[PDB]
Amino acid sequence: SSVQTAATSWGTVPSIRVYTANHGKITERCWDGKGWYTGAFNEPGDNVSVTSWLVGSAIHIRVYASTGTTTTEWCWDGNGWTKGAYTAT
C-alpha cells in the first residue's frame, strides 16, 4: 500500500530528515546540504510523525512510531537513538 512520510528540518543549510513508514518498517533519509544518504534510524511502524528542536546548535529529534494502537517514542539527542518515556494515556 502507499508509503507514509514525515519530515523535519533545522538550521539554514538546512539539515532535513525524512522518515518513511513502508510496509511495517520506518527508515530515515538525510540531507545536510551535499546529497541524500541513509540514516541510522530503523524501527518497526505503520505510521510515523516527527518533531525536532535546537538547543544551541545541537539537534534533538523525536520520532513517534505507531503499530496498531501502540505508539513508541524514539529519541535522538546527538549520540544515539533511544526509547522515550512517551505513553499514550
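When you see a residue number, it is the position in the sequence shown, counting from 1.
Enquirer: Mean CA temperature factor from the deposited coordinates, higher in 79 to 87 or in 3 to 11?
Expert: Averaged over C-alpha atoms, the B-factors run higher in 79 to 87.
Enquirer: Lowest, middle or highest third: where is residue 64 by Cα B-factor in its chain?
Expert: Lowest third, going by the recorded CA B-factors of the chain.
Enquirer: What third of the chain, by the recorded C-alpha B-factor, contains residue 58?
Expert: Top third by C-alpha B-factor.
Enquirer: Quick check for you: using the entry's CA B-factors within this chain, is residue 26 in the lowest, middle or highest third?
Expert: Its C-alpha B-factor belongs to the middle third of this chain's values.
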